[PDB]
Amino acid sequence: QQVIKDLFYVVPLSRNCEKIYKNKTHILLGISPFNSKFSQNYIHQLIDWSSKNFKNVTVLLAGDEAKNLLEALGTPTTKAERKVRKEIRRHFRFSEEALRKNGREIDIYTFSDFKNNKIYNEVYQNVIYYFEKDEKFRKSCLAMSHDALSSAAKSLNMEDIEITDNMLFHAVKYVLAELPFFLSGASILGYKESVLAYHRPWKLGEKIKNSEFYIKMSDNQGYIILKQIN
C-alpha cells in the first residue's frame, strides 16, 4: 500500500538530517512513556511506514529514569518502577507485533540497555559535564524536563500539579539519559547513519544545529519530525 509509504510527511531538523533521511539507512523510532500519542495503532503506523521506507528500523523505549517522571509527579518509588515496567512491556508488545508483521527483526531497546557501550557512556558523560558546567545547556535540558513532566501529567490527569524546580531537576535525569541517542544514536547502535524520529520539534536540537553549544550531534546523526496530513 502506497498509503502506508506516504503515512507521514517528514520535517528534518537540518539539511544534514534531510540527507541522512533521504539515504534511508536507518530510522530510530522514539517511543515516549506516559504519552497519549503512542497508542497501539500509532506505534503500528510508525513501524509500518518505517518498514516501507528504511533499510533498517530500530525502536527506542524509555529506560529506568522514566520512573523519575512519575516520582516528580508524586508517585512513590516502587509504584513508579512497577508502572514503568508495565508501560515498557506494553510499548514492546505493540512494537513487536508490527515489526513481526513487516518481517523485520525485533530490534527494540531501552535507553538503559547500553551501560556497557562506550559510545553511549562517553556521550552521556559529555551531556552531564555540560549540564553542570554550561548554564545555557542546563537551561535547555530543564526545559526538556518541563516538557516531559507536562506531557506525563496531562496523560496521567495531573495538570493540577505545579511544576517546581526540584521536580525539574529530578525529572531531568530522564532527559540526560535519553539525550545520547539524540546526539549519537547511529554510532551507539552501530549503523553508518540514522535519524531519530518523533512527532514534536526538538528545540534544543535547533540550538545545537545553530552551533550554540560545545555539545554537537554526530555528523552521521539526524532528527526528523513526522507529521500526518490528509
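Sequential numbering from 1, following the sequence displayed.
- The question of which stretch, 162-170 or 196-204, has the higher mean Cα B factor is settled in favour of 162-170.
- Mean CA B-factor, 175-183 versus 65-73: the higher value falls on 65-73.
- In this entry, the residue among 137, 120, 94, 111 with the greatest C-alpha B factor is 94.
- For residue 58, the recorded CA B-factor ranks within the lowest third of the chain. Only modelled residues enter the ranking.
- Sorting the modelled residues of the chain by their CA temperature factor places residue 127 in the lowest third.
- In the PDB entry, residue 229 places in the middle third of its chain by CA B-factor.
- For residue 149, the recorded CA B-factor ranks within the middle third of the chain. Only modelled residues enter the ranking.
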